[PDB]
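Everything on this sheet refers to the single structure shown next.
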Amino acid sequence: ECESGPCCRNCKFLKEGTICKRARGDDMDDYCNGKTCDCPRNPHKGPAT
């Protein structure tokens, strides 16, 4: 599969812990997980990253 959400390369998963969107406050960024490029969610409402 080519899960084309360039939190991938073009198709290929980034380095497990590589931010899509540089969110801050509640959602502490949005890392591609080696598995998925659906700009994956990172809740962690409180502690950073």
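Chain A uses Swiss-Prot numbers throughout; the residues present, in order, are 131-179.
For this deposited structure, the header notes the method as solution NMR.
Using the three backbone atoms N, Cα and C, a Cβ is placed for every residue, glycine included.
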According to Swiss-Prot, the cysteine among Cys132, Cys137 that forms a disulfide bond with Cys141 is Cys132
Among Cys167, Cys169, Swiss-Prot lists the disulphide partner of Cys138 as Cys167
Listed disulfide-bonded residues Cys138, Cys150, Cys162, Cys169; those within 10 A of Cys132 (disulfide bond), CA to CA, turn out to be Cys138
